[PDB]
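Engineer: Contents of entry-v1.tsv (TSV, C-alpha atoms) are below:
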```tsv
chain	number	residue	atom	x	y	z
A	20	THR	CA	-2.45	-21.00	-11.25
A	21	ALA	CA	-5.60	-18.94	-10.67
A	22	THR	CA	-6.76	-19.37	-7.07
A	23	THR	CA	-10.17	-18.17	-5.88
A	24	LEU	CA	-9.92	-16.84	-2.32
A	25	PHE	CA	-13.52	-15.66	-2.03
A	26	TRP	CA	-16.71	-16.27	-4.01
A	27	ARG	CA	-20.01	-15.37	-2.32
A	28	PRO	CA	-22.76	-12.72	-2.08
A	29	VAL	CA	-22.19	-9.39	-0.33
A	30	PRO	CA	-24.70	-6.64	0.47
A	31	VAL	CA	-23.75	-3.58	-1.61
A	32	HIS	CA	-25.25	-0.11	-1.86
A	33	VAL	CA	-25.45	0.55	-5.60
A	34	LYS	CA	-25.62	4.13	-6.88
A	35	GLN	CA	-26.15	5.05	-10.54
A	36	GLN	CA	-26.58	8.27	-12.52
A	37	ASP	CA	-30.39	8.50	-12.71
A	38	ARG	CA	-31.40	5.85	-10.18
A	39	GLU	CA	-32.06	6.17	-6.45
A	40	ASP	CA	-29.82	4.24	-4.05
A	41	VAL	CA	-30.30	0.46	-4.02
A	42	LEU	CA	-29.10	-2.03	-1.41
A	43	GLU	CA	-28.75	-5.46	-3.02
A	44	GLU	CA	-26.78	-8.71	-2.85
A	45	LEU	CA	-23.94	-8.69	-5.38
A	46	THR	CA	-21.67	-11.67	-5.92
A	47	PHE	CA	-17.98	-10.95	-5.33
A	48	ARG	CA	-15.21	-13.21	-6.63
A	49	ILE	CA	-11.58	-12.62	-5.63
A	50	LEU	CA	-8.77	-14.38	-7.49
A	51	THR	CA	-4.98	-14.40	-7.25
A	52	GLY	CA	-2.67	-15.81	-9.91
A	53	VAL	CA	-0.33	-15.08	-12.82
A	54	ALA	CA	-1.01	-13.70	-16.31
A	55	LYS	CA	1.17	-15.10	-19.09
A	56	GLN	CA	0.18	-12.05	-21.13
A	57	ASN	CA	1.74	-9.55	-18.72
A	58	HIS	CA	5.29	-10.85	-18.20
A	59	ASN	CA	4.12	-13.45	-15.66
A	60	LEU	CA	3.22	-10.74	-13.13
A	61	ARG	CA	1.32	-11.61	-9.96
A	62	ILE	CA	-2.25	-10.35	-10.26
A	63	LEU	CA	-5.27	-9.69	-8.07
A	64	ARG	CA	-8.60	-10.06	-9.87
A	65	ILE	CA	-11.99	-9.03	-8.49
A	66	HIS	CA	-15.30	-9.60	-10.26
A	67	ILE	CA	-18.68	-8.18	-9.24
A	68	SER	CA	-21.88	-9.73	-10.57
A	69	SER	CA	-25.60	-10.17	-9.88
A	70	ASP	CA	-27.59	-13.40	-9.74
A	71	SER	CA	-30.70	-11.60	-11.03
A	72	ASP	CA	-28.99	-9.64	-13.84
A	73	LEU	CA	-26.44	-11.50	-15.95
A	74	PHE	CA	-25.37	-8.29	-17.69
A	75	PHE	CA	-24.51	-6.48	-14.45
A	76	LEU	CA	-20.78	-7.19	-14.53
A	77	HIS	CA	-17.78	-5.27	-13.17
A	78	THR	CA	-14.13	-6.34	-13.08
A	79	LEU	CA	-10.85	-5.12	-11.59
A	80	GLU	CA	-7.33	-6.40	-12.20
A	81	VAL	CA	-4.41	-5.23	-10.05
A	82	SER	CA	-0.86	-6.35	-10.83
A	83	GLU	CA	2.04	-6.20	-8.38
A	84	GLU	CA	3.34	-3.31	-10.48
A	85	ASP	CA	-0.01	-1.53	-10.18
A	86	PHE	CA	-0.14	-2.16	-6.43
A	87	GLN	CA	2.98	-0.05	-5.89
A	88	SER	CA	1.18	3.20	-6.75
A	89	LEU	CA	-1.98	2.02	-4.99
A	90	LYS	CA	0.07	1.36	-1.86
A	91	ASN	CA	1.52	4.88	-1.81
A	92	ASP	CA	-1.75	6.67	-2.56
A	93	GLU	CA	-3.72	4.96	0.22
A	94	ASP	CA	-0.77	4.45	2.58
A	95	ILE	CA	-1.12	0.66	2.66
A	96	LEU	CA	1.24	-0.91	5.21
A	97	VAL	CA	1.00	-4.55	4.08
A	98	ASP	CA	2.53	-6.23	1.02
A	99	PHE	CA	0.82	-7.35	-2.19
A	100	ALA	CA	0.43	-10.95	-1.02
A	101	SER	CA	-1.44	-9.75	2.08
A	102	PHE	CA	-3.64	-7.24	0.23
A	103	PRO	CA	-6.41	-9.66	-0.84
A	104	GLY	CA	-6.76	-10.87	2.75
A	105	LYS	CA	-7.39	-7.34	4.00
A	106	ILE	CA	-10.02	-6.77	1.31
A	107	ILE	CA	-11.78	-9.99	2.30
A	108	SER	CA	-11.56	-8.94	5.94
A	109	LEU	CA	-13.25	-5.65	5.06
A	110	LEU	CA	-15.94	-7.50	3.11
A	111	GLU	CA	-16.60	-9.74	6.12
A	112	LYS	CA	-17.42	-6.63	8.14
A	113	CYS	CA	-19.95	-5.50	5.52
A	114	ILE	CA	-21.53	-8.96	5.64
A	115	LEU	CA	-21.77	-9.00	9.44
A	116	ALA	CA	-22.74	-5.32	9.73
A	117	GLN	CA	-26.27	-4.88	11.10
A	118	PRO	CA	-28.28	-1.63	10.95
A	119	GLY	CA	-27.65	0.35	14.15
A	120	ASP	CA	-24.14	-0.84	15.00
A	121	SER	CA	-22.12	2.39	14.99
A	122	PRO	CA	-19.63	2.63	13.38
A	123	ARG	CA	-21.10	0.49	10.58
A	124	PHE	CA	-19.08	-0.89	7.67
A	125	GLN	CA	-20.64	-1.14	4.21
A	126	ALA	CA	-19.77	-1.82	0.58
A	127	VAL	CA	-20.64	0.84	-2.00
A	128	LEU	CA	-20.61	0.72	-5.80
A	129	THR	CA	-21.02	4.01	-7.67
A	130	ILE	CA	-21.56	3.59	-11.41
A	131	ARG	CA	-20.71	6.61	-13.57
A	132	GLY	CA	-21.42	6.50	-17.31
A	133	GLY	CA	-20.96	2.73	-17.18
A	134	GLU	CA	-17.65	2.54	-15.33
A	135	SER	CA	-17.75	2.28	-11.54
A	136	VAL	CA	-15.93	3.08	-8.30
A	137	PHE	CA	-16.16	0.55	-5.47
A	138	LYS	CA	-15.67	1.46	-1.81
A	139	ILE	CA	-15.86	-0.05	1.66
A	140	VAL	CA	-16.58	2.80	4.06
A	141	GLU	CA	-16.73	3.04	7.84
A	142	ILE	CA	-19.65	5.28	8.79
A	143	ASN	CA	-19.18	7.11	12.09
A	144	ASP	CA	-20.90	10.19	13.54
A	145	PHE	CA	-18.75	12.50	11.40
A	146	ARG	CA	-18.16	10.97	7.95
A	147	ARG	CA	-18.05	8.01	5.58
A	148	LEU	CA	-14.45	6.87	6.05
A	149	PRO	CA	-13.25	4.93	2.98
A	150	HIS	CA	-11.00	2.05	4.04
A	151	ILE	CA	-10.52	1.10	0.39
A	152	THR	CA	-11.34	2.67	-2.98
A	153	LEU	CA	-11.09	0.74	-6.25
A	154	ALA	CA	-12.04	1.52	-9.84
A	155	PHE	CA	-13.85	-1.23	-11.77
A	156	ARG	CA	-14.43	-1.72	-15.49
A	157	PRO	CA	-17.73	-3.00	-16.91
A	158	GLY	CA	-17.95	-6.59	-18.16
A	159	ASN	CA	-15.77	-9.61	-17.42
B	21	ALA	CA	-14.82	36.35	15.87
B	22	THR	CA	-15.08	33.79	18.68
B	23	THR	CA	-12.68	31.08	19.86
B	24	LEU	CA	-14.21	27.63	20.37
B	25	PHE	CA	-10.94	25.78	20.98
B	26	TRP	CA	-7.50	26.91	22.11
B	27	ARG	CA	-5.28	24.06	23.33
B	28	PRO	CA	-1.84	22.54	22.71
B	29	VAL	CA	-1.83	19.43	20.50
B	30	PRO	CA	0.86	16.79	19.86
B	31	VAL	CA	1.73	16.90	16.15
B	32	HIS	CA	4.14	14.92	13.99
B	33	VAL	CA	5.57	17.81	11.98
B	34	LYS	CA	6.94	16.55	8.66
B	35	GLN	CA	9.05	18.70	6.35
B	36	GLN	CA	10.95	17.89	3.18
B	37	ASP	CA	14.34	16.85	4.59
B	38	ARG	CA	12.20	14.58	6.74
B	39	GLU	CA	12.89	16.56	9.92
B	40	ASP	CA	10.29	14.48	11.78
B	41	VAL	CA	9.66	16.13	15.14
B	42	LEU	CA	6.91	15.30	17.63
B	43	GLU	CA	6.28	18.70	19.22
B	44	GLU	CA	3.35	20.38	20.95
B	45	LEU	CA	1.67	22.92	18.68
B	46	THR	CA	-0.97	25.44	19.73
B	47	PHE	CA	-4.28	25.07	17.89
B	48	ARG	CA	-6.82	27.89	17.87
B	49	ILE	CA	-10.22	27.31	16.28
B	50	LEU	CA	-12.43	30.35	15.70
B	51	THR	CA	-15.86	30.76	14.14
B	52	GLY	CA	-17.09	34.11	12.84
B	53	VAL	CA	-19.03	36.21	10.35
B	54	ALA	CA	-17.25	37.80	7.37
B	55	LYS	CA	-18.19	41.49	7.19
B	56	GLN	CA	-16.55	42.09	3.81
B	57	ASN	CA	-18.36	39.04	2.41
B	58	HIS	CA	-22.09	39.55	3.15
B	59	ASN	CA	-21.84	37.84	6.55
B	60	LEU	CA	-20.62	34.55	5.11
B	61	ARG	CA	-19.81	32.27	8.07
B	62	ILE	CA	-16.11	31.43	8.43
B	63	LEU	CA	-14.30	28.68	10.32
B	64	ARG	CA	-10.70	29.64	11.09
B	65	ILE	CA	-7.99	27.31	12.40
B	66	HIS	CA	-4.63	28.78	13.42
B	67	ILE	CA	-1.59	26.62	14.17
B	68	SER	CA	1.33	28.21	16.02
B	69	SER	CA	4.36	27.43	18.17
B	70	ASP	CA	5.49	29.19	21.34
B	71	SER	CA	9.03	28.16	20.42
B	72	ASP	CA	9.00	29.88	17.02
B	73	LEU	CA	7.19	33.14	16.22
B	74	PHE	CA	7.63	32.43	12.49
B	75	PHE	CA	5.92	29.04	12.73
B	76	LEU	CA	2.48	30.11	11.55
B	77	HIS	CA	-0.17	28.18	9.63
B	78	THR	CA	-3.79	29.15	9.04
B	79	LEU	CA	-6.89	27.63	7.47
B	80	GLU	CA	-10.16	29.38	6.68
B	81	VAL	CA	-13.21	27.38	5.67
B	82	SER	CA	-16.22	29.44	4.64
B	83	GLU	CA	-19.64	27.83	4.26
B	84	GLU	CA	-18.92	27.54	0.54
B	85	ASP	CA	-15.51	25.93	1.09
B	86	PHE	CA	-17.25	23.50	3.44
B	87	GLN	CA	-19.79	22.39	0.82
B	88	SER	CA	-16.80	21.43	-1.32
B	89	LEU	CA	-14.92	19.72	1.51
B	90	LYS	CA	-18.13	17.97	2.57
B	91	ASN	CA	-18.42	16.36	-0.87
B	92	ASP	CA	-14.80	15.20	-1.15
B	93	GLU	CA	-14.60	13.51	2.27
B	94	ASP	CA	-18.27	12.51	2.58
B	95	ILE	CA	-18.88	14.55	5.74
B	96	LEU	CA	-22.29	13.83	7.29
B	97	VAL	CA	-22.74	16.95	9.42
B	98	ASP	CA	-23.54	20.57	8.59
B	99	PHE	CA	-21.11	23.49	8.86
B	100	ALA	CA	-22.23	24.33	12.41
B	101	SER	CA	-21.48	20.84	13.76
B	102	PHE	CA	-18.18	20.52	11.90
B	103	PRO	CA	-15.96	22.23	14.53
B	104	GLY	CA	-17.15	19.80	17.21
B	105	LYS	CA	-15.97	16.84	15.15
B	106	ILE	CA	-12.54	18.37	14.57
B	107	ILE	CA	-12.18	18.88	18.32
B	108	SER	CA	-13.07	15.24	18.99
B	109	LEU	CA	-10.43	14.14	16.49
B	110	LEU	CA	-7.82	16.45	18.01
B	111	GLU	CA	-8.67	15.01	21.44
B	112	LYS	CA	-7.93	11.49	20.23
B	113	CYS	CA	-4.49	12.74	19.21
B	114	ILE	CA	-3.93	14.38	22.59
B	115	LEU	CA	-4.89	11.23	24.51
B	116	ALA	CA	-3.09	8.88	22.11
B	117	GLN	CA	-0.57	6.48	23.68
B	118	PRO	CA	2.35	4.56	22.12
B	119	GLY	CA	0.80	1.12	22.62
B	120	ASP	CA	-2.63	2.00	21.22
B	121	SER	CA	-4.07	-0.11	18.40
B	122	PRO	CA	-5.42	1.53	16.32
B	123	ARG	CA	-3.43	4.66	17.19
B	124	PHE	CA	-4.42	8.24	16.35
B	125	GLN	CA	-1.84	10.91	15.54
B	126	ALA	CA	-1.92	14.44	14.13
B	127	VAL	CA	0.39	15.07	11.17
B	128	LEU	CA	1.42	18.38	9.62
B	129	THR	CA	3.22	18.01	6.29
B	130	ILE	CA	4.89	21.28	5.29
B	131	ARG	CA	5.71	21.71	1.59
B	132	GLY	CA	7.32	25.03	0.69
B	133	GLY	CA	4.41	27.42	1.04
B	134	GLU	CA	1.27	25.36	1.59
B	135	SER	CA	1.04	22.62	4.22
B	136	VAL	CA	-1.34	19.72	4.83
B	137	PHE	CA	-2.83	18.78	8.20
B	138	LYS	CA	-4.10	15.26	8.80
B	139	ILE	CA	-5.47	13.13	11.62
B	140	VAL	CA	-4.72	9.53	10.69
B	141	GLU	CA	-5.69	6.18	12.21
B	142	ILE	CA	-2.91	3.60	12.03
B	143	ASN	CA	-4.39	0.09	12.03
B	144	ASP	CA	-3.17	-3.37	10.99
B	145	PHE	CA	-3.72	-2.50	7.33
B	146	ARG	CA	-3.06	1.17	6.55
B	147	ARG	CA	-2.80	4.79	7.63
B	148	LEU	CA	-6.41	5.97	7.49
B	149	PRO	CA	-6.92	9.76	7.35
B	150	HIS	CA	-10.07	10.74	9.26
B	151	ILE	CA	-9.66	14.34	8.09
B	152	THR	CA	-7.38	16.21	5.70
B	153	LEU	CA	-7.01	20.00	5.55
B	154	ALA	CA	-4.83	22.32	3.48
B	155	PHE	CA	-3.15	25.05	5.54
B	156	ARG	CA	-1.39	28.17	4.26
B	157	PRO	CA	1.51	29.97	5.98
B	158	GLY	CA	1.01	33.06	8.13
B	159	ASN	CA	-2.03	34.42	9.95
```
With the file now loaded, output its structure as structure tokens.
Structural biologist:
Amino acid sequence: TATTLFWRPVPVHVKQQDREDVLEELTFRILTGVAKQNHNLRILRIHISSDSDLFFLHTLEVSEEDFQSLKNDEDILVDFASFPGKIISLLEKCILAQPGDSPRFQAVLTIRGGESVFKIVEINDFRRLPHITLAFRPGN
Amino acid sequence: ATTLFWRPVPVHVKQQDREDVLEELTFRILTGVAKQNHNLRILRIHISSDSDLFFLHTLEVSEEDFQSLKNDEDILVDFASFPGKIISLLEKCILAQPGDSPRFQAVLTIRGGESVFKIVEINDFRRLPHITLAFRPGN
């Protein structure tokens, strides 16, 4: 019962170990469903890819069990069912964000040794304020 | 030493045993030069309460401590501009109203010895900490 809620390009600032910053269009796909492998738990799946590099692949899978710790750490006030909607809402801001509009939202992907940390930050006069922080694994 | 800021601030004081109390705390922010430490610049923040002489919490951020804090929270300003941003955040807490959305509030979580000060933004999604600082008891 895998349902895709979102599947389109998003401008992301990519940062790697020995590469300068790069702003490029990465394809995000957000799915919600159930894994028969993991006791039929509800799951949120996010995949990051590039239309110009078929090997550039990053994936995240969050179960309802996993979300419990994630909710406490980042003080999330909504439930698991509502979580994907808020992520999409944050991505919409990054899509609509134009250079100069302060505070400006933006998506960031920091690759470290292969594995990566994804963030959507709100940039004000003082700091990059991370609205969400998620760890991705390379591949599908 | 030199005081940049010395005002009362509304703070949601949280202790273990969840004694949640919204009381006015006095905040004093000082900037100075450390004689004993080759004139290393220091930012000092003292939290106190007129109601309780034993209610004392202090933070000291040297230039070195700031470089570390700057990295963790992705701060975009230098050490000299940092106090001004804290004041702005504290002001949002002072002027905060019940019906605001998003709403800003200052939170002081006391845990045994150390405590943790935060200025969070409560929106439709989460509690978003704009700044987080570790305080220690005393002066």
Engineer: Got a sec to pull out which chain A residues are within 8 Å of chain B, counting all atoms listed in the file, and send them as number ranges by chain?
Structural biologist: A: 93-97, 105, 144-148, 150
Engineer: Generate the output file for the selected residues, C-alpha atoms, as a PDB file, keeping the file's coordinate frame.
Structural biologist:
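Final output, saved to result_31.pdb:
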```pdb
ATOM      1  CA  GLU A  93      -3.720   4.960   0.220  1.00  0.00           C
ATOM      2  CA  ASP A  94      -0.770   4.450   2.580  1.00  0.00           C
ATOM      3  CA  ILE A  95      -1.120   0.660   2.660  1.00  0.00           C
ATOM      4  CA  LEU A  96       1.240  -0.910   5.210  1.00  0.00           C
ATOM      5  CA  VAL A  97       1.000  -4.550   4.080  1.00  0.00           C
ATOM      6  CA  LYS A 105      -7.390  -7.340   4.000  1.00  0.00           C
ATOM      7  CA  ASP A 144     -20.900  10.190  13.540  1.00  0.00           C
ATOM      8  CA  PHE A 145     -18.750  12.500  11.400  1.00  0.00           C
ATOM      9  CA  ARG A 146     -18.160  10.970   7.950  1.00  0.00           C
ATOM     10  CA  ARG A 147     -18.050   8.010   5.580  1.00  0.00           C
ATOM     11  CA  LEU A 148     -14.450   6.870   6.050  1.00  0.00           C
ATOM     12  CA  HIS A 150     -11.000   2.050   4.040  1.00  0.00           C
TER      13      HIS A 150
END
```
Engineer: Contacts of residue 41 (chain A) at 10 Å or less, counting only C-alpha atoms, minus same-chain residues fewer than 5 places along, as a PDB file with C-alpha atoms, in the coordinates of the input?
Structural biologist:
```
ATOM      1  CA  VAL A  31     -23.750  -3.580  -1.610  1.00  0.00           C
ATOM      2  CA  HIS A  32     -25.250  -0.110  -1.860  1.00  0.00           C
ATOM      3  CA  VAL A  33     -25.450   0.550  -5.600  1.00  0.00           C
ATOM      4  CA  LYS A  34     -25.620   4.130  -6.880  1.00  0.00           C
ATOM      5  CA  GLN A  35     -26.150   5.050 -10.540  1.00  0.00           C
ATOM      6  CA  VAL A 127     -20.640   0.840  -2.000  1.00  0.00           C
ATOM      7  CA  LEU A 128     -20.610   0.720  -5.800  1.00  0.00           C
TER       8      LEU A 128
END
```
Engineer: Could you tell me which of B:82, B:100, B:111, B:74 comes closest to residue 26 (chain B) if we count all atoms listed in the file?
Structural biologist: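 Selected residue with least distance to residue 26 (chain B): B:111.
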Engineer: Residue 99 (chain B): which residues within 8 Å, counting only C-alpha atoms, same-chain residues fewer than 4 positions away excluded, as a PyMOL selection string?
Structural biologist: chain B and resi 83+86+103
Engineer: For each of A:140, A:154, A:21, A:130, take the minimum atom-to-atom distance to residue 36 (chain A), counting all atoms listed in the file, then give the residue where this is smallest.
Structural biologist: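 Result for the nearest residue to residue 36 (chain A): A:130.
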Engineer: With a distance cut-off of 9 Å and all atoms listed in the file, select the neighbouring residues of residue 52 (chain B), excluding the residue or stretch itself and same-chain residues fewer than 3 positions from it, and output the selection as JSON, numbers by chain.
Structural biologist: {"B": [21, 22, 23, 59, 60, 61, 62, 63, 64]}
Engineer: So how far away is CA of residue 133 (chain B) from CA of residue 78 (chain B), in Å?
Structural biologist: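 Here the two named atoms are 11.6 Å from each other.
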Engineer: Would you be able to write out as a PyMOL selection string which residues have an atom within 12 Å of (5.1, 22.9, 3.7) in the file's coordinates, counting all atoms listed in the file?
Structural biologist: chain B and resi 33-39+75-77+127-137+154-158
Engineer: Print the selection's residues with C-alpha atoms to a file, as an mmCIF file, in the coordinates of the input.
Structural biologist:
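Done, and the output landed in out.cif:
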```cif
data_model
loop_
_atom_site.group_PDB
_atom_site.id
_atom_site.type_symbol
_atom_site.label_atom_id
_atom_site.label_comp_id
_atom_site.auth_asym_id
_atom_site.auth_seq_id
_atom_site.Cartn_x
_atom_site.Cartn_y
_atom_site.Cartn_z
ATOM 1 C CA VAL B 33 5.570 17.810 11.980
ATOM 2 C CA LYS B 34 6.940 16.550 8.660
ATOM 3 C CA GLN B 35 9.050 18.700 6.350
ATOM 4 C CA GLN B 36 10.950 17.890 3.180
ATOM 5 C CA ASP B 37 14.340 16.850 4.590
ATOM 6 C CA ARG B 38 12.200 14.580 6.740
ATOM 7 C CA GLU B 39 12.890 16.560 9.920
ATOM 8 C CA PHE B 75 5.920 29.040 12.730
ATOM 9 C CA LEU B 76 2.480 30.110 11.550
ATOM 10 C CA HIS B 77 -0.170 28.180 9.630
ATOM 11 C CA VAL B 127 0.390 15.070 11.170
ATOM 12 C CA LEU B 128 1.420 18.380 9.620
ATOM 13 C CA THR B 129 3.220 18.010 6.290
ATOM 14 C CA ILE B 130 4.890 21.280 5.290
ATOM 15 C CA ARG B 131 5.710 21.710 1.590
ATOM 16 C CA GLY B 132 7.320 25.030 0.690
ATOM 17 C CA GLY B 133 4.410 27.420 1.040
ATOM 18 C CA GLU B 134 1.270 25.360 1.590
ATOM 19 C CA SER B 135 1.040 22.620 4.220
ATOM 20 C CA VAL B 136 -1.340 19.720 4.830
ATOM 21 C CA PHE B 137 -2.830 18.780 8.200
ATOM 22 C CA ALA B 154 -4.830 22.320 3.480
ATOM 23 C CA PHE B 155 -3.150 25.050 5.540
ATOM 24 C CA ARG B 156 -1.390 28.170 4.260
ATOM 25 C CA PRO B 157 1.510 29.970 5.980
ATOM 26 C CA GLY B 158 1.010 33.060 8.130
#
```
Engineer: Quick one, how far is CA of residue 121 (chain A) from CA of residue 141 (chain A)?
Structural biologist: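 Rounded to one decimal, the two atoms are 9.0 Å apart.
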Engineer: State, in Å with one decimal place, the distance from CA of residue 159 (chain A) to CA of residue 29 (chain A).
Structural biologist: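 Going from CA of residue 159 (chain A) over to CA of residue 29 (chain A) covers 18.3 Å.
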Engineer: Using all atoms listed in the file for the distances, tell me which of A:113, A:50, A:63, A:89 is nearest to residue 23 (chain A).
Structural biologist: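 Smallest separation from residue 23 (chain A) among the options: A:50.
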Engineer: Go through B:71, B:66, B:31, B:81 one by one, measure the shortest atom-to-atom distance of each to residue 140 (chain B) using only C-alpha atoms, and give the residue with the smallest value.
Structural biologist: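 Looking only at the distances to residue 140 (chain B), the closest residue turns out to be B:31.
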